[PDB]
Ligand code: HEM
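In the numbering used here, the protein residues as written are 3 to 190.
1. Would you kindly work out how many angstroms separate the C-alpha atoms of residue 17 and residue 65, rounded to a whole number?
2. Which runs of the beta strand (DSSP E) at least 3 residues long sit entirely within the region 112-180? Give them in chain order.
3. Check whether the Cβ of residue 147 lies closer than 7 angstroms to any heavy atom of the ligand HEM, and answer yes or no.
4. What are the residues that DSSP puts in a beta bridge with residue 44?
5. From 82, 137, 87, pick the residue whose C-alpha is nearest to that of residue 172; which is it?
6. Are there any heavy atoms of the ligand HEM lying less than 7 angstroms away from the beta-carbon of residue 103, as far as the coordinates show?
7. Would you call the region 52-70 in contact with the region 79-89, where contact means no fewer than 3 C-beta pairs closer than 8 angstroms?
8. Mind the definition here: the region 129-144 touches the region 88-99 only if three or more C-beta pairs lie below 8 angstroms; say whether that holds.
9. Exposed or buried, residue 57, counting other C-beta atoms within 10 Å across all chains shown (16 or more means buried)?
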C-alpha cells in the first residue's frame, strides 16, 4: 500500500483510539511509533494487516468495523489535505473520477495490480460503482462512500448489488442513488 495513504490511516487510528493503542500496535510490527512514511514507500500489506489486527485486539472492536470507520473518516483528511480533488465538484463528479485518480496515484508502484473503481450511469439519478481488486477491502470502500456523501453534503442511497471473488480478484458492486436527476440520455 502506498505510503501516504498508510500515513493517513495511522493518523485516523490515533483520532479513533488514541496514541498508546497506536504506538503499541506499530511497535508490535517493528516500526518506530513515530515512523514518518513517505509517498515513495510501498508499505507491506501484511504489516498493515497486523497493525489493524493488534488495534482490534486492544480496542475490542471488530476489524471490519475499524476499516468502515477509517474509510468514513479518511475523506475529511483528503479534503483538507488535497482540496484540489474536491474543488468545484459535486458528489457524482467526485465519484466518477475516482478510478482515474487511483490509476494516476499508483502508476509508479512496482507490481502493477491496482484496484479499479469504475462507475457508470444506470439511471438518470443513479450510478453503479464496482470495486475490483486483489485486496478485498470491502468495508473500507463502503466507508469511503459514506464519507463522501458526508463531505459533499449530498444524501444518497447505497445498495450493495453483489460481492464475490474469482481468479484471486475481489469484486463489490454498489448502486448509488442521488436525490434528483444527475444524468440524461444523449446520442451515442
Ligand atoms: C481524494 C480522495 C482519495 C485519494 C487521494 C485516494 C488515494 C488512494 C491511494 C493513494 C490508495 C492506495 C492504493 C495502493 O497503494 O494500491 C487508495 C486506495 C483505495 N481507495 Fe482511495 N483515494 C481517495 C478516495 C477514495 C474514494 C472516494 C473511494 C471509493 C469510493 C476510494 C477507494 C479506495 C479503495 C477501495 C482502496 C483500496 C485499494 C485496493 O484495494 O487495492 N478512494 N486510495
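Quick reminder that beta carbons are idealized off the backbone N, C-alpha and C, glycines included.
Quick look at the numbers:
1. 16 angstroms
2. Secondary structure in the region 112-180: the beta strand (DSSP E) runs of 3 residues or longer, each lying completely within the stretch, are 118-125, 128-135, 158-168, 171-180 in chain order.
3. Distances from the CB of residue 147 to the heavy atoms of the ligand HEM include at least one below 7 angstroms.
4. 4
5. 137
6. Yes.
7. Taking a cut-off of 8 angstroms for Cβ pairs, the region 52-70 and the region 79-89 do not touch, as fewer than three such pairs fall below it.
8. yes
9. buried
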